[PDB]
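Examining the three-dimensional arrangement
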Amino acid sequence: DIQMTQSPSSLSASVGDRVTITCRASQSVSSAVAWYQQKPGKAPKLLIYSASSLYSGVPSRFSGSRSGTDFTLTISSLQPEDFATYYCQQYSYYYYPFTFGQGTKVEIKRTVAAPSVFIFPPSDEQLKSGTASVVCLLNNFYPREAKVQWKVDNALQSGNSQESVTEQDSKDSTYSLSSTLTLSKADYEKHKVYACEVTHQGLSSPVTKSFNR
Amino acid sequence: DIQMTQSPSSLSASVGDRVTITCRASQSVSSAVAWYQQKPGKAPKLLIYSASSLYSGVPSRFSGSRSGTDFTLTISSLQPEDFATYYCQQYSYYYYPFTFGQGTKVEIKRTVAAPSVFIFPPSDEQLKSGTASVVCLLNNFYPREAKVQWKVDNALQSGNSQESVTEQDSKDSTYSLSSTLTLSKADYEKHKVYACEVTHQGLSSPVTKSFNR
Amino acid sequence: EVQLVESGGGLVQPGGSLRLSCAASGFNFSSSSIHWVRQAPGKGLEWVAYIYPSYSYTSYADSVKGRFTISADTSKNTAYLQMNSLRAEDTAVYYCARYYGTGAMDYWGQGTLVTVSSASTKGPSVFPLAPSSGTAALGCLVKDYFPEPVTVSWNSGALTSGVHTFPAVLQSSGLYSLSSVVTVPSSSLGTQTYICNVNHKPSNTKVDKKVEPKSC
Amino acid sequence: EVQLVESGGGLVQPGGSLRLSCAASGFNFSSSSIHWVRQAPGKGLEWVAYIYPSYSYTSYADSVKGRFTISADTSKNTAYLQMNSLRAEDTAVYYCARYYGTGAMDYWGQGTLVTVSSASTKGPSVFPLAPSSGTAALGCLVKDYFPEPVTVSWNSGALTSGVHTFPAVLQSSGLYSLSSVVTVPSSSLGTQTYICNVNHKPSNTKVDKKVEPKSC
Amino acid sequence: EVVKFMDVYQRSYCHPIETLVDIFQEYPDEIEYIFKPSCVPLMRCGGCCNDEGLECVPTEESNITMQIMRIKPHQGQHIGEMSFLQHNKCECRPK
Amino acid sequence: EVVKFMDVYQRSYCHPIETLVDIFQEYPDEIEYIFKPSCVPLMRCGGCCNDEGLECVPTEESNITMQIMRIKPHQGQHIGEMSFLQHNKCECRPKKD
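Listed as the method for this PDB entry is X-ray crystallography; the listed resolution is 3.500 Å.

The name the PDB entry gives chain F is Vascular endothelial growth factor A, with Homo sapiens as the organism.

As annotated in the PDB entry, chain E is Vascular endothelial growth factor A from Homo sapiens.

1. A word on the overall build of chain E
Counting its secondary structure elements, chain E contains two helices and five strands. Its helices and strands in sequence order give chain E the pattern α-β-α-β-β-β-β, from N to C terminus. Relative to the compact-globule value of 12 Å for 95 residues, chain E shows a C-alpha radius of gyration of 17 Å, a clear excess of over 25%. Along the longest, intermediate and shortest principal axes, the C-alpha atoms of chain E span 55 × 35 × 20 Å. For chain E, with 95 residues in total, the buried portion stands at 44%. Across chain E, the fraction of contacts at a sequence separation of at least 24, relative to all contacts at a separation of at least 6, is 61%. Surface exposure of chain E reaches about 5000 Å², of which carbon and sulfur atoms provide 45%. One way to put it: in chain E the 9 positive side-chain charges average out to a point 3 Å from where the 15 negative ones average out.

2. Here we look at the UniProt feature "disulfide bond" in chain E
Residues and elements named next belong to chain E. At 2.0 Å between sulfur atoms, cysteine 14 and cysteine 56 form the disulfide that UniProt records. In this pair, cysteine 14 is assigned in the loop between α1 (5-11) and β1 (15-22) and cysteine 56 in strand β4 (residues 54-72), connecting sequence segments 42 residues apart. Residue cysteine 14 is classed as buried on the basis of its relative accessible area, which comes to 7%. Agreement with UniProt is obtained for the disulfide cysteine 45 to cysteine 90: its S-S length of 2.0 Å falls short of 2.5 Å. Of this pair, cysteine 45 sits in strand β3 (residues 39-46) while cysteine 90 sits in strand β5 (residues 76-94), placing them 45 residues apart in sequence.

3. Brief notes about the interface of chain C and chain E
How big an interface is tends to be reported as the loss of accessible area on association of its parts. Across the boundary between the two partners, chain C contributes twelve residues, which contact ten residues of chain E. Carbon and sulfur atoms make up 53% of the surface buried where chain C meets chain E, a total of about 1100 Å² over both sides. At the surface where chain C touches chain E, the tally comes to four residue pairs in polar contact. Its residues assigned to classes, the side of chain C that touches chain E shows six nonpolar, six polar and no charged.

4. A look at the environment of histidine 200 of chain A
All names here are of chain A. As for its position among the elements, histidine 200 is in strand β17 (residues 193-200). Separated by 141 residues in the primary sequence, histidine 200 and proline 59 have C-alpha atoms spaced 36 Å apart. Excluding residues that lie within four positions of it along the chain, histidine 200 makes contacts with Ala113, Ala114, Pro115, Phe141, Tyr142, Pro143, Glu145 and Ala146. A distance of 3.4 Å separates a polar atom in the side chain of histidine 200 from the backbone oxygen of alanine 113.

5. A few points about the interface of chain C and chain A
Chain C puts 45 residues into the contact, and the matching count from chain A is 40 residues. Interface of chain C and chain A: buried area, both sides summed, is about 3500 Å²; carbon and sulfur atoms make up 64% of it. Remark: the boundary between chain C and chain A carries two salt bridges. In this structure, the salt-bridge partner of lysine 214 of chain C is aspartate 124 of chain A, at a minimum N-O distance of 3.9 Å. Seen at the junction of chain C and chain A, the total is ten residue pairs in polar contact. Put simply, the parts of the chain that give the side of chain C that touches chain A at least two residues each are β4 (34-39), β5 (45-52), β10 (105-108), β12 (125-129), β13 (135-145), β16 (169-170) and β17 (176-185) of chain C. Here the element with the most residues in the side of chain C that touches chain A is β13 of chain C; it accounts for six residues.

6. Digging into the UniProt feature "disulfide bond" in chain F
All names here are of chain F. For the UniProt disulfide linking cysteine 14 and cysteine 56, the S-S separation comes out at 2.0 Å, below the 2.5 Å cut-off, so the bridge is there in this model. Of this pair, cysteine 14 sits in the loop between α1 (5-11) and β1 (15-22) while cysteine 56 sits in strand β4 (residues 54-71); the two residues are 42 residues apart in sequence, bridging distant segments of the chain. Comparing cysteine 14 with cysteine 56, the two get one shared label, buried. Judged by the under 2.5 Å criterion, the sulfur atoms of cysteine 45 and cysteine 90, which UniProt pairs in a disulfide, are close enough at 2.0 Å to be bonded in these coordinates. Of the two residues, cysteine 45 sits in strand β3 (residues 39-46) while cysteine 90 sits in strand β5 (residues 79-94), which places them 45 residues apart along the sequence. Judged by its relative accessible area of 19%, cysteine 45 is buried.

7. Description of empty space enclosed by the protein
By volume, the largest cavity is sized at about 130 Å³. Contributing to the lining of the largest cavity are 16 residues, with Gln162 and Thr180 of chain A together with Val169, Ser177 and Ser179 of chain C lying nearest its centre. At the level of secondary structure, the elements contributing two or more residues to the lining of the largest cavity comprise β15 (161-165) and β16 (175-184) of chain A together with β13 and β17 of chain C. Partitioning the lining of the largest cavity into residue classes produces five nonpolar, nine polar and two charged. The calculated volume of the second largest cavity comes to roughly 90 Å³.

8. Overview of the side chain of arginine 44 of chain F
Residues and elements named next belong to chain F. Within the element layout of this structure, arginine 44 appears in strand β3. Using a relative accessible area of 14% as the deciding quantity, one classes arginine 44 as buried. Separated by 3.3 Å, the side chains of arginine 44 and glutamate 26 make a polar contact. Once residues within four sequence positions are removed from consideration, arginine 44 is found in contact with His15, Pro16, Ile17, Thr19, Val21, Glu26, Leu85 and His87.

9. What to know about the arrangement of the chains
The closest approach of any C-alpha atom in chain C to one in chain D is 58 Å; the two make no contact. With respect to C-alpha atoms, chain D approaches chain E no nearer than 12 Å, and the pair has no contact.

10. Here's the deal with the nonpolar core
In this structure, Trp35, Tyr36 and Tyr86 of chain B together with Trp108 of chain D are the most contacted members of the largest nonpolar core, which totals 56 residues. Here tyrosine 36 of chain B is in contact with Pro44, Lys45, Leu46, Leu47, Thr85, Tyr86, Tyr87, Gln89 and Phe100 of chain B together with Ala104, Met105 and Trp108 of chain D, once residues within four sequence places are set aside. Counting 55 residues, the second-largest nonpolar core is a separate cluster that includes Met4 and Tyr87 of chain A together with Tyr99 and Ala104 of chain C.

11. So, the state of the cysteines
Applying the stated criterion across every chain yields a total of 16 disulfides over all chains. Residue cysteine 140 of chain C pairs covalently with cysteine 196 of chain C via a disulfide, S to S 2.0 Å. Between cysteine 140 of chain C and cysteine 196 of chain C, the disulfide has an S-S torsion of -100° and is therefore left-handed. Placement of the pair is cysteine 140 of chain C in strand β13 and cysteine 196 of chain C in strand β18 (residues 194-200), with a sequence separation of 56 residues. Since its relative accessible area comes to 0%, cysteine 140 of chain C is described here as buried. Look at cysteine 196 of chain C and you get buried, because its relative accessible area is 0%. The partner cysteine of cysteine 14 of chain F in its disulfide is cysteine 56 of chain F, sulfur to sulfur 2.0 Å. Handedness here is read from the sign of the S-S torsion; for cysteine 14 of chain F and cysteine 56 of chain F, about 65°, the answer is right-handed. When its relative accessible area of 7% is taken as the criterion, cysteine 14 of chain F is described as buried.

12. Considering the sheet that holds strand β12 (residues 116-120) of chain B
Residues and elements named next belong to chain B. Pairing is antiparallel in the open sheet, where four strands are placed in the order β12-β13-β16-β15. Across the chains shown, the open sheet's two edge strands, defined by having one partner strand only, are β12 and β15 (161-165). Between one strand and the next, the sheet's axes are offset by a mean angle of 15°, whatever the strand orientation. Sheet analysis places β12 next to strand β13 (residues 131-141), joined by five bridges and oriented antiparallel. For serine 116, the partnering residue across the bridge sits in β13 and is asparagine 139.

13. Some remarks on the packing of aromatic side chains
This structure, assessed with the given rule, holds 51 aromatic pairs over all chains. Taken together, a centroid distance of 5.9 Å and an interplanar angle of 65° make the contact between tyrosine 36 of chain A and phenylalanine 100 of chain A edge-to-face. In this pair, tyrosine 36 of chain A is assigned in strand β4 (residues 33-38) and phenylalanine 100 of chain A in strand β10 (residues 99-100), connecting sequence segments 64 residues apart. Accessibility classification places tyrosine 36 of chain A together with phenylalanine 100 of chain A in one group, the buried group. Summarising the aromatic geometry, the rings of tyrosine 9 of chain E and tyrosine 13 of chain E are spaced 6.1 Å apart at their centres and angled 10° between planes, so their arrangement reads as stacked. Given the relative accessible area of 15%, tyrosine 9 of chain E is considered buried. Look at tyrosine 13 of chain E and you get partly exposed, because its relative accessible area is 26%. Counting every residue linked through ring pairs, the aromatic cluster contains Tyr36, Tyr96, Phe98 and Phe100 of chain A together with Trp47, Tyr95 and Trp108 of chain C. Taking the ring centre of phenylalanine 27 of chain C as reference, the NZ or CZ of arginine 98 of chain C above it sits at 4.8 Å. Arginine 70 of chain E extends its terminal NZ or CZ atom over the ring of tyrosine 55 of chain C, reaching a point 5.3 Å from the ring centre.

Definitions and cut-offs
Residues numbered from 1 in each chain as written, not as in the entry; some residues may be left out. Chains lettered and ligands numbered in written order. Heavy atoms only, no water. Helix = DSSP H or I, 4+ residues; strand = E, 2+ residues; numbered from the N terminus. Rg over C-alpha atoms; globule rule 2.2 N^0.38 Å. Buried < 20%, exposed > 50% of the residue type's maximum accessible area, 1.4 Å probe, protein only. Contact = heavy atoms within 4.5 Å. Areas by Shrake-Rupley, 256 points an atom, 1.4 Å probe, with all protein chains shown as cover. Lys, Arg positive; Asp, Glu negative; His and termini not counted. Charge placed at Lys NZ, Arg CZ, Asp CG, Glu CD. Disulfide = S-S within 2.5 Å. UniProt positions renumbered as here; feature names shortened; annotations may be inferred. Buried area = accessible area lost by both parts, 1.4 Å probe. Polar contact = N/O pair within 3.5 Å; in protein donor to acceptor, adjacent residues only side chain to side chain. Nonpolar A, V, L, I, M, F, W, Y, C, P; charged D, E, K, R; others polar. Salt bridge = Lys/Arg side-chain N within 4 Å of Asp/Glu carboxyl O. 1 Å grid on protein atoms, 1.4 Å probe; cavity = no way out; pocket = protein on both sides within 12 Å on 5 of 7 lines; lining within 4 Å. Points joined across faces, edges and corners; volume = space filled by probe spheres on them. Core = buried A, V, L, I, M, F, W, Y, C linked by side-chain atoms within 4.5 Å. Pairing = 2+ DSSP bridges. Axes fitted to C-alpha atoms, helices over the stretch in contact; angles between N-to-C directions. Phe/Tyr/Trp six-rings, centres within 6.5 Å; stacked < 30°, edge-to-face > 60°. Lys NZ or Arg CZ within 6 Å of the ring centre and 35° of its normal.

Here it is as C-alpha cells:
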C-alpha cells in the first residue's frame, strides 16, 4: 500500500496569510496527485490535479507543486471561506487505483469577538412529556475556547448538560455554541432560579443570564 | 574448432570433363572460404577467395560457389596440368585464424599407354663398396597399376627390391617407375642372369629385359 | 449541467444487505466511469470500488472484495453498489464520484449515510425553544432520535439569515439529539410566523412545529 | 614482383632448437603480415603461428604455444620462427605465406624441410646408370643418404626434356636412396656429354658424376 | 578485468534476447489509450551476424499475454489482457 | 499462462539492461577496420518511465574492456582491447530541448 502522509494535522492562519500544506508519498507516484477541499457537511471539491494544474473554476490562490515525492498545496492568500479540511490524493495504479491522506483541518484566525448570550426556558409542551431542557445560547464569538457553567439556585452543575458548537463561519469566521441543561419535570419544578454563566476571552466580566419560572 | 570436410578424398576424371569438389563447413563461415591448388613438391597456389571470386591470373575454368555452408570448387574443363591436390580453407577467426580441409587428389584419365622398359646393371664403382643395386626402369606408361617382378637365374624374388613411382605428368599424364633390386657384392657375384619381368595392362605379352655379367 | 445523485442508505442490522444507487445526469454514463468512496464519521476518505461500464471492468478494495458488488444499468444512466454482509466498520458516508483524467474525481455525489447497527429506529420529539424579552433568539429542540441524519429548515426554506443548526449530540440513552436556533429582530415577533420544519427520513416523520412566544 | 624465401631448416636432435627465416621481397613487410603453416609428410596443411609487425601482435597454435616464437625484423624485411624443444611430430615442411583479404594466403614461400630425428647425417654415394644398346635411357643412382632432400639436375640445368627424378625411397638401413633417369636419342651418345649434378645440402656434398657408355 | 574474444562473440551472436518494446510501436491503431506501463519486456531477435550482407531474423515465433493498464482520459481505466509477439529462435539470413 | 500487471510494470520500468550495441555506432571514426564481432553486449538504460514528458537516462556510468578482433583488409588482423561505456544506474528525468 502507498501511504500518503499529510502535515500538519490541523492549522490556523490569519486572513491574507500564506498557507502551506505538504503531503509526503512513500514511493514515487509520478505527477499523479490531486488536492481536494471538503467543507463541513458537504462533498469534496477538486482543486488541483496532476500535482500542479488547477481545476477549472478554482480560484488562482490555490496552487499545487512537487519535489519528487513531496507534494505541496499552497493557499497564497487565505480567506475566510477557505475554512475547510484539505485532502491530498495519489493515483498511479500499483495495487489500488488511488489513495488518500488523513486530512488537514484549516481554521481562520480573526480579532477577538464576544458572544451575544441568550437563555431559553423549557417549553410548556415539553413539560407535558415529563422532561425539561434549558438551553443557553452563545452566538457569534471568537475564539472557540469558551466555558459555560450552569447555576440552579446558585448551585453548580455536573455532567447533566451537553455542548454543541457551530463550525467556523465562512463569512466572518466566528463560532456559535449551545449548552443544553437536561432535567426531569419533577427536579425542574423544585427550583426557581436557572442561570448560565458565560466565561470568554472576549467580554471582561463573566456575563450571566437567568430566568425565574 | 570449425571442421572443414572435403568430398571426395581422391578423384580421377578425363581430359575436358567437369569436376566438382565439395567442402562442407560445420557451422556458418559466411562467404569466407578459399580454394588452393598444391602440385607435388610445390607450395599451394590460391585459386578462389571469398568463396566465389577468382584470384588474379587463375584460368576461368576454376570457379567457386556456395550453398550456405556447402562450398564447391568446380573445374569446368579439366586439363592434364590440373593434376593436383586441392584444399578448401575457411577463415573468420574463432580461436584459430583458419582450418584447412583434408584434400582432393585429382587424377587425370587418359588412353592406355605401354611402358618403355630398361634395365641397369650395378656400377663397377658400386661393386668396390660391397653392394650391388640393379635398376629396372618403366617409363611413360598409364595406368599406374603395374607389376614388376625380378628374376635371378629364373628365380623369383622376395622383399629385397623397392619401387618408386613418378607423380602423374603435367603434359601427357603418364607415369614412370623404378624398381631397385639390392644385393651384396658376394651374392651378386654368384649368379649370371638378371632379369626384370614387366606386367602391364598396356602391352599384350609380359615383356622381359635382362643382362649377363 | 453535470450532477451525481445517491440514494438507498440507512439503518441495517449486521450481516444484512443494503443497495446504493448513483444516478448520473448531464453526461453519457456509458462513455465514462464511476468510483465509490466512503468516509467514516470523523475519519478520512477510503476507496471502496470502481466500475467502467464500457469494458465491463470492475474492481474492489480488499476490505470489501467478495461482499460488495458494483453494477451499472447503462440504460438508466445509473450505477449501483450492492452491499452484502455489512459490519460495524462499514458504517460510513458513501460517495460516488465520476472519474477525471488518468485518475482523480471531479464530480462527487451529495453522499448517503449507511449506518450499520442492531439498534431500533426512533423518530424525534420536537419541542420549541420560545424567545423571551434588541435582538431575539428562538429555536427548535429535536430530541431523542436514531439514526442520523435529521434535516431542519425554517419556514420551508424561506429563512436562512442568522440560522444555526447544531451538530447532533449522542446521549447516554444511545439516541441522538440536536437543537436548531435562529436570531431575529425583537419587533418582528407577533407579526412574523416562525415554524421549524424537521424531517427525519428513516422513520418517515415530518413535523412542522410552530414557535411562538408563550403567553406570559 | 612479390616473393617469399625461407631458410634454416634441416636435421635436429629431439629437444633441440632450430630457427627459420622468411625473407620478403617486393612489398612493404611493415605494412602487411605473415603466417607460418606446416605440412607433415603425406598429411595436409596445419597452422603454426602468425605475426602482424605493425601492431606487434603475434599468435600461436596450441600444439606449439610456449615452445615457438615468431619475430620480425622490419628493417631486414624478414620474419623469423624460433623453434625450441622440437619433437618427432614437429617434423614437417614449413611454409611462410603472406596474408590476403580478411584471411587467406596469396603468396607462399618455397618451403623448408625441418626433420626432427636423433639419427646421423650421411652424404650420398653416386653411381652412374650407364646406357646399353632407337631411344636410349641413362641416369644416376643416388644411394644411402640422410636426411631429405636431395636435388638433381642434368648438365647444370641445360637439360629437362625426358628427365625423371624419382621420389626418395626409405631403405631398411634407415637411409634414403633415389634414382634420376633421363631418355635421349641413341645417335647423340659419344658426341653429347651427360653429367648429373647431385646436391645434398645438409652434408655439404656436391658431386658431379659423368655418365658415359662403359667401353664394352 | 577483460572479457575474452570467445565470450564476446558467443554472447553477441544472433540469438533471442530480452528487449524492451514500446506498446505503441506494436499496436499503433490504439491511440485513444494511455498505456501503463508504456513498454513491455519481450524476447526479440537481436545481436549481429558478422556480415553486412546478412540480417538476424526470427524463425519460430510465439505469443505471450500481459496484463496492461489502459487509461482512457476523462472516461475510465482498466487492466486489459494484451497479447504480444515473441521470438523463440533466430537465424542469420540474406537481406 | 498470463504475466500479471505488477510483474510487467516492475520488469519494464527504467533500469539498466543487457543491450547489444554495434561497435560502429560507438566508434564511428574507426572506419578502416572490420570488427568481429560487429556488436557487443553492454548494460544500457532501457525501459519506460510511463510519461511522455520524461525520458530514462543514466546517472552512474562505468567502463568495461573487451577483446575484439579488428580486421584491416589486405593488411592484417589482431585482437585489440576495446573499451566501452556502460550504465550502472538509471533515473527518470525531464526531456531537455
